[PDB]
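Colleague: One structure coming up, written as structure tokens, with questions to follow.
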Amino acid sequence: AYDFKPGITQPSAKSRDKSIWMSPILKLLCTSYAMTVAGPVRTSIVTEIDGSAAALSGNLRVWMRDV
Amino acid sequence: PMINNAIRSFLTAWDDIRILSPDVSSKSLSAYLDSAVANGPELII
């Protein structure tokens, strides 16, 4: 499961300085969909994030303050 | 990233100063030259 497959993904999903804890979220969302598709288990790759990965690391940080 | 936010908050904050301006064209040359028309003495009577 890839947080960042460097040739395939877009560089908006670079979780720089947050890949210590964003990559366990990104790798497990990769396996969250790999085990949902039938057939053989495929190599899962994060393609892109609609915001930045910094925008998602900021927004989960907003969520973790609320909890 | 965060550095991209300072880019678009610079270009828009420069263009908003730019669009808060009168439109410059060839009409402003005739508009300024017309100001020097009515203040003219008659010398030929």
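In the structure tokens, chains take letters A, B, ... by order of appearance, with residues numbered from 1 within each chain and ligands from 1 in the order shown.
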Which neighbours of residue 61 in chain A fall inside 12 Å, counting only C-alpha atoms, when residues of the same chain fewer than 6 positions from it are skipped, and could you give them as a PyMOL selection string?

Modeller: chain A and resi 18+21-22+54-55+67

Colleague: Should the cut-off be 12 Å, what would the residue list for chain B against chain A look like, counting only C-alpha atoms, as an MDAnalysis selection string?

Modeller: chainID B and resid 1:5

Colleague: Output N, CA, C and O atoms for every residue in the selection just made, as an mmCIF file, in the first residue's frame.

Modeller:
data_model
loop_
_atom_site.group_PDB
_atom_site.id
_atom_site.type_symbol
_atom_site.label_atom_id
_atom_site.label_comp_id
_atom_site.auth_asym_id
_atom_site.auth_seq_id
_atom_site.Cartn_x
_atom_site.Cartn_y
_atom_site.Cartn_z
ATOM 1 N N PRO B 1 1.448 24.316 -1.903
ATOM 2 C CA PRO B 1 1.152 24.028 -0.497
ATOM 3 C C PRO B 1 0.704 25.274 0.258
ATOM 4 O O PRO B 1 -0.141 26.023 -0.229
ATOM 5 N N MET B 2 1.270 25.476 1.450
ATOM 6 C CA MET B 2 1.085 26.735 2.161
ATOM 7 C C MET B 2 1.768 27.883 1.427
ATOM 8 O O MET B 2 1.288 29.021 1.467
ATOM 9 N N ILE B 3 2.875 27.595 0.740
ATOM 10 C CA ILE B 3 3.575 28.606 -0.039
ATOM 11 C C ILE B 3 2.786 28.993 -1.285
ATOM 12 O O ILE B 3 2.932 30.113 -1.789
ATOM 13 N N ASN B 4 1.912 28.110 -1.774
ATOM 14 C CA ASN B 4 1.067 28.451 -2.910
ATOM 15 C C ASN B 4 -0.031 29.420 -2.496
ATOM 16 O O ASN B 4 -0.503 30.212 -3.317
ATOM 17 N N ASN B 5 -0.435 29.378 -1.225
ATOM 18 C CA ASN B 5 -1.459 30.291 -0.734
ATOM 19 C C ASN B 5 -0.938 31.720 -0.669
ATOM 20 O O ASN B 5 -1.694 32.665 -0.909
#

Colleague: Using only C-alpha atoms, determine which residues lie at most 9 Å from residue 9 in chain A, disregarding the query and same-chain residues fewer than 4 positions distant; provide the list as a PyMOL selection string.

Modeller: chain A and resi 4-5+13+45-48

Colleague: Taking only chain B into account, list the residues labelled helix (DSSP H, G or I) by DSSP (computed from the backbone), as a PyMOL selection string.

Modeller: chain B and resi 2-19+27-35

Colleague: Extract, using only C-alpha atoms, all DNA, RNA and protein residues at most 9 Å from residue 31 in chain A, discarding same-chain residues fewer than 5 positions from it, and format them as JSON, numbers by chain.

Modeller: {"A": [1, 26, 36, 44]}

Colleague: Those same residues - N, CA and C atoms - I'd like them written as an mmCIF file, in the first residue's frame.

Modeller:
data_model
loop_
_atom_site.group_PDB
_atom_site.id
_atom_site.type_symbol
_atom_site.label_atom_id
_atom_site.label_comp_id
_atom_site.auth_asym_id
_atom_site.auth_seq_id
_atom_site.Cartn_x
_atom_site.Cartn_y
_atom_site.Cartn_z
ATOM 1 N N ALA A 1 0.841 -1.183 0.000
ATOM 2 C CA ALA A 1 0.000 0.000 0.000
ATOM 3 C C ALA A 1 0.880 1.238 0.000
ATOM 4 N N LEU A 26 -2.977 6.788 5.057
ATOM 5 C CA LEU A 26 -3.070 6.635 3.610
ATOM 6 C C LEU A 26 -2.852 5.195 3.171
ATOM 7 N N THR A 36 -11.942 -4.569 -0.609
ATOM 8 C CA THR A 36 -13.331 -4.403 -1.007
ATOM 9 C C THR A 36 -13.561 -4.877 -2.434
ATOM 10 N N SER A 44 -2.035 -1.361 -4.270
ATOM 11 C CA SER A 44 -2.848 -0.166 -4.119
ATOM 12 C C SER A 44 -1.977 1.077 -4.047
#
